[PDB]
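Take a look at the structure below.
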Amino acid sequence: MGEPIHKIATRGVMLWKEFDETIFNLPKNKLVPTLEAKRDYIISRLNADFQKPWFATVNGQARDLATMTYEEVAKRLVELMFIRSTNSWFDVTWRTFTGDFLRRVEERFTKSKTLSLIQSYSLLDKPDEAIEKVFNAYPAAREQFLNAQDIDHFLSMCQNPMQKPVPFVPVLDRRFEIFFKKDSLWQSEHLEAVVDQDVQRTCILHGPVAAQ
Amino acid sequence: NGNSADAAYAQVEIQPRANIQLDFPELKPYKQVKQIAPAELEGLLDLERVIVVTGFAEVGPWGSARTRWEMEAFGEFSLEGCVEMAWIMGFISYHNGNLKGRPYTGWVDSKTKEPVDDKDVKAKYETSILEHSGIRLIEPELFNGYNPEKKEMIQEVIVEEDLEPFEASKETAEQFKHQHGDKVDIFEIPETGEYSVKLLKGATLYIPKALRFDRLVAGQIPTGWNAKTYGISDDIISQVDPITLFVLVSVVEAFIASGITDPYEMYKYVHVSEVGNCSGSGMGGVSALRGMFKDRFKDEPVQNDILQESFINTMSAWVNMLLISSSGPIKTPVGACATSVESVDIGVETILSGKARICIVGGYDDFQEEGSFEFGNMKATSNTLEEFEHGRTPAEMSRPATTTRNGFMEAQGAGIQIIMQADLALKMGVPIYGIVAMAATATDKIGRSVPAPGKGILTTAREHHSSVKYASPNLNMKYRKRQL
Amino acid sequence: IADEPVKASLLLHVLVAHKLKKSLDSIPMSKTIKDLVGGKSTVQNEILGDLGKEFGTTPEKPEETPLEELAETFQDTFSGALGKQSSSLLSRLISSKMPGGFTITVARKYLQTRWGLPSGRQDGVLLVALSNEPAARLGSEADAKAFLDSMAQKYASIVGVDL
Amino acid sequence: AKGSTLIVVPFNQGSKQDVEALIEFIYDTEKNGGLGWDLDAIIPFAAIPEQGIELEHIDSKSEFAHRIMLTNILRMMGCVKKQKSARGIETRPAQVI
Amino acid sequence: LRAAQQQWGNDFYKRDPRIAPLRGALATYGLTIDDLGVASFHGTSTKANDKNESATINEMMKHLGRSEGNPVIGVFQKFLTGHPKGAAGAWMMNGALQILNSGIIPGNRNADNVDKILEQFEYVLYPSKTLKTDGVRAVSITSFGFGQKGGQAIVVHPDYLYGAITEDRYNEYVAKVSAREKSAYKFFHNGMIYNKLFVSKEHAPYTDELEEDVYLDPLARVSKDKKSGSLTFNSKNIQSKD
Amino acid sequence: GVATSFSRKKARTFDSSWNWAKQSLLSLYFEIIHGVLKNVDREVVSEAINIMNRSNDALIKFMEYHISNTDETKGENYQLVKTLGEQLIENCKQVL
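Residue numbers (the entry's author numbering), protein chains in the order written: chain A, 850 to 1061; chain B, 969 to 1452; chain C, 140 to 302; chain D, 727 to 823; chain E, 1501 to 1742; chain F, 389 to 484.
In structure tokens:
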């Protein structure tokens, strides 16, 4: 909302500052055309420097949601939202997001009415076994890119107000400043749930003078 | 025991969503696809001289080639077919965003905007889809009001008593005076500056009358089909003959079947002079021919360039002007019913000559009042009153090879294939649906009936059998592979 | 109600609008003829021909210059004269798409009677009607009256008078 | 099977006009637009159901049903008899089942 | 090399009057006349056409010595679609391809009673219901227009092509198709829900300045422009030694 | 109820058994190869009856070609169709 904040000049915050000077200051008409012009740069610098990485990234290769398989999307969800060190989902609402996705996978690839292989999202507390199980019953979803309808769904779920903001940027659009800046403060206290446990990704609030 | 013990018991049902496939050919492992062909075939064929089909599409009475093939092969729509048909016919549209305060992503009824689920598309629409698809009674809304029950004509009559004067502009009245001569009196009205036209006794007049025509049924592109659905702009729709719209959709949809979403991609591999268009028509833009012959004569407002939209080669032009932007061959054939096979033969020879490496082939034709009428006068089409006498429904009026067959059922649409050199298809990694092994045209012989089918194409099987006592080593691929 | 001659800013708008087969407001005045028909050279030269037949003398290369400025360029020499093209088009509208026996005279008399609009205003109401070609011969006398009522509203709206 | 034929004709056994026509059609020569057959068997199984129609409820339906299931079966047998006797056929009787 | 391959592989039977074009077109891929499984007939539903076509296919097959008891299976797609004049054979060709790639042969469901006259043509079978076969190797497409326009096209199963290439070249193709298929599906669904399968081009791939330079260089090719992202002709890749 | 339904023009004739025989054989042949009919299913015997009831020289040649050109090594279902085929040809020859 344009208010000044004093933060430790980490890579994440330097990216933030840079985007405030070059992208977020632009008028609404100029924001969208500027994002495609810089897209390849932004996606690289989110993945390197920030606490919210580019979602659509498979083994370092910067894809887009439309050019990711259903399996790549379900795995990437686990790698950003489930904590290996403490074998649990950082937030229940993130486990819901990932279960809701996997049900959508079953809907898109089932030929007739069936029973979900995920009867309760409690089963996702073993996320590898749940993914193996779903993508064994629907192996077509290992090979196909996301249906355009399922991309639109996924971004609809990323904007759900009754859940914790997703710890990634899924699309460059008018909504990019909110995906970048929303929910910036928790990471500093939960580095286990940040990409490489990298403090340098995070926003830490601190005074210039009190720092002495 | 409360609802707690009966809530963990309660199971979650998954309902299928239509995952429409492009049905690319299924490529086998090399060990298996090496079993069908002889072992000698490897490095025997010049792959620039082999023509393959890398994409195809159509627009016709059962929607696209996907939906038509479902209805041809299985005689019923799958979830995917039923959703595709509902989207084509404009029954359902896609919605992403806020709907009635809740956020909703999926299908909605196009009229009401009520959300529709894919399971419910069959119950809600399939009866409406089957009723307004395929061979069925002629829908006047689809043919500029044309109702074959009430087919408009004009009879010339010599008037026997003077008419009441009517007001007309000066220029209009002058045009009445010129036409009629002394058999009309035009007089200025000083007050208003307009003129009073009085038709006198002996003047020629035209009184509209209606004939009840007997061809009531046709294969018609599903009701609610709309080029705007595929994303063709209004300015293109307002300019071109309806037949052009079937071609533009068939061509983009054939490119998609070839996995070529951007046609300019072809220009990474071939010159702009190596992309042909050999697609043709029998009659071309017959809606534009009606415009220039009939609607102009009746002084209706018809666009000035209607003539260009009539030409059989204008559909291929619009394809090149809106999508392809090639400077390759353009060889528009006119083969009546055999246009599309001639189109392939030209396209094959264009590629084998080296004048192209890729070629859009196919054919297209519209159904309209005047054609329908003239195929009736030639007794080529089935008389629908005789079919109704015999108890036949519209869906059983086209019955080839049958004892009681009594003429053809006129339809409308377009079919397109993309043909390429094999060598370039492999290089580009485009799907390959089949090899065009042969194409040929043939006339018949001396005769006096244009519509009489003859046996000319039998020549494709011509061979000499006088001396066939010992097999020719030319038929033996092992002999040919040795000589190579 | 006071009489005015028809402004070239309206007449030119209506001729363009009618020629492109578009609503009067879907075309913006501050946007040139070469941009309107950017594709079809045939249609461009055909509007230029109509502007010639209408106003007589045309400026030098006026197709790249906006409608809004070309209004005032034509306006100087123009003097509330319907002219060959507009007079023809209005006669075709009436002759072709009016209930029958409902001509120029009884259209203008109905405008003068009910709405009290004189010759110069009448011309304007008929021109905005030429923008909104009903596409079918409308059936009864009551439908024609209702049509001119509704087109007199859009005329009052566009010029800025009250009824 | 080989030699078999199946002719499917619309027919309302409730119409006596239909019964006469159907047997005229079967028996009439192919020149006149018939089958030029001569029946060996008649199997008149046509019938409409009545449920919960006791004596007090016997009306238009039950009287029509009786026409289908008795009266017009007698009239089919009649029509077949008249066509066979017209052609002096006395040694090829139709088995009515 | 190509000229040799053409002489022995593609065009062996052109100077040879003992090989019919129809027999040579199959023989190219090691197929025999008995491998022409399906004949998609014009089959307009007219008295004269359906008999003539049946007689004409039957005589082709009989001359080329097709094995007794091996009729071609007739497909009469027009029972469903009707006859769209110029488009007729294109629909048949679309359906011939769909047959080859599925092995499913559709049935003429309006073939209530096959005409007794057509029994004399022993090399034609007229099915009324769909046959899931174990494979079709080749389909014949015959049209007959007004004005003596006879046409025939043979379409062969595409799996006969891949026997002509090495495993390395086959496996490279299969990788590109898989990738292209995925991108096509991506494009198809996007365009369908957003009504933008058809996208008119605003501009040629060249500017009006490069237009005559591109036309005159046979090796000119488009490349991805960094700014627009669209495929264009660059001045660098026109009359370049590379 | 006594409305006339009957018209001669509406009479549909079916007499083309020569054609359906071949279709019925070829339908069976592929149903056995695709494992839809097994060697225990009675519909194999029923269909064989309906093919013997349509036996003629053209149908026997149709069988002899389709069966004698079955590669039995392609799978067990192909051995089953070739064994049954051979038997049904013998049957069709006797009841010619």
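C-beta atoms are modelled at their ideal positions from N, C-alpha and C, and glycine is treated no differently.
Where residue i and residue j are concerned, what is the direct C-alpha to C-alpha distance, given to the nearest angstrom?
i: residue 1713(E); j: residue 1320(B); result: 26 Å
i: residue 1430(B); j: residue 1533(E); result: 13 Å
i: residue 145(C); j: residue 286(C); result: 20 Å
i: residue 943(A); j: residue 930(A); result: 6 Å
i: residue 1049(A); j: residue 914(A); result: 26 Å
i: residue 990(B); j: residue 1697(E); result: 13 Å
i: residue 1116(B); j: residue 1676(E); result: 52 Å
i: residue 253(C); j: residue 229(C); result: 20 Å
i: residue 979(A); j: residue 973(A); result: 6 Å
i: residue 1054(B); j: residue 1193(B); result: 10 Å
i: residue 212(C); j: residue 200(C); result: 13 Å
Leaving out the 5 sequence neighbours to the left and right, which residues in its chain are closer than 7 Å to residue i when beta-carbon positions are compared?
i: residue 799(D); result: 770
i: residue 1180(B); result: 1117
i: residue 1632(E); result: 1603, 1604
i: residue 470(F); result: 455, 458, 460
Only counting the same chain, and skipping five residues up and downstream in sequence, which positions put a Cβ closer than 8 Å to that of residue i?
i: residue 1178(B); result: 1118, 1119, 1120, 1121
i: residue 454(F); result: 413, 414, 417, 473
i: residue 1623(E); result: 1557, 1558, 1561, 1562, 1566, 1570, 1571, 1572
i: residue 859(A); result: 1048, 1049, 1050, 1051, 1052, 1053
i: residue 408(F); result: 442
Taking residue i as the query, report the chain E residues whose CB atoms sit under 8 Å from its CB, ordered along the chain.
i: residue 400(F); result: 1612, 1613
i: residue 429(F); result: Within chain E, no residue comes near residue 429(F); the closest Cβ sits about 17 Å away, beyond 8 Å.
Could you list which residues in chain E have their beta carbon closer than 7 Å to that of residue i, in chain order?
i: residue 908(A); result: Chain E residues near residue 908(A): none, gap ~17 Å exceeds 7 Å.
CB-CB under 6 Å to residue i, same chain, minus the five flanking residues each way: which ones, in chain order?
i: residue 1138(B); result: 1163
i: residue 772(D); result: 739, 794
i: residue 1173(B); result: 1125, 1127
i: residue 1296(B); result: 1241, 1242, 1243, 1244, 1324
Cβ of residue i within 8 Å of Cβ of residue j?
i: residue 1403(B); j: residue 1018(B); result: yes
i: residue 1076(B); j: residue 1060(B); result: yes
i: residue 1073(B); j: residue 1022(A); result: no
i: residue 1315(B); j: residue 1650(E); result: no
i: residue 1218(B); j: residue 1025(B); result: yes
i: residue 1238(B); j: residue 1291(B); result: no
i: residue 919(A); j: residue 990(A); result: yes
i: residue 1452(B); j: residue 1589(E); result: no
Show which residues of chain C have a CB atom less than 7 Å away from the CB atom of residue i.
i: residue 1139(B); result: 227
Which residues of chain F have a Cβ atom closer than 8 Å to the Cβ of residue i, listed in chain order?
i: residue 751(D); result: 394, 396, 399
i: residue 1616(E); result: 403, 404
i: residue 1352(B); result: Here the premise fails: no neighbours, minimum Cβ distance about 14 Å.
Could you list which residues in chain F have their beta carbon closer than 7 Å to that of residue i, in chain order?
i: residue 1632(E); result: 418, 422
i: residue 1627(E); result: 411
What residues of chain D sit near residue i, judged by a beta carbon separation below 9 Å?
i: residue 434(F); result: Ordered by position in chain D, no residue passes the 9 Å Cβ test against residue 434(F), which lies about 13 Å from the chain.
Report the neighbours of residue i on chain F: residues whose CB is nearer than 9 Å to its CB, in chain order.
i: residue 1371(B); result: 401, 403, 404
Anything in chain E within Cβ reach of residue i, meaning under 9 Å, just list it in chain order.
i: residue 1385(B); result: 1590, 1593, 1594, 1597
Since residue i meets chain B, which of its residues come closer than 7 Å, beta carbon to beta carbon?
i: residue 1667(E); result: 998
Any residues in the stretch 170 to 190 of chain C with a beta carbon nearer than 7 Å to a beta carbon of chain G? Which ones, in chain order?
In the structure shown, chain G cannot be found, because the protein chains are A, B, C, D, E and F.
Going along the chain, which unbroken runs of the alpha helix (DSSP H) with 4 or more residues stay wholly within the stretch 1256 to 1337 of chain B?
1274 to 1278, 1282 to 1287, 1307 to 1321
Enumerate, from N- to C-terminal direction, the unbroken alpha helix (DSSP H) stretches of 4 or more residues contained entirely within the stretch 1649 to 1729 of chain E.
As far as the stretch 1649 to 1729 of chain E is concerned, its whole alpha helix (DSSP H) runs of at least 4 residues are 1667 to 1693, 1711 to 1716.
Write down every uninterrupted run of the alpha helix (DSSP H) in the stretch 935 to 999 of chain A whose length is 4 residues or greater and which is fully enclosed by it, in chain order.
941 to 958, 976 to 986
Considering only residues of the stretch 1380 to 1432 of chain B, which uninterrupted beta strand (DSSP E) runs meet the minimum length of 3 residues and lie entirely inside it, listed in chain order?
1381 to 1389, 1402 to 1410
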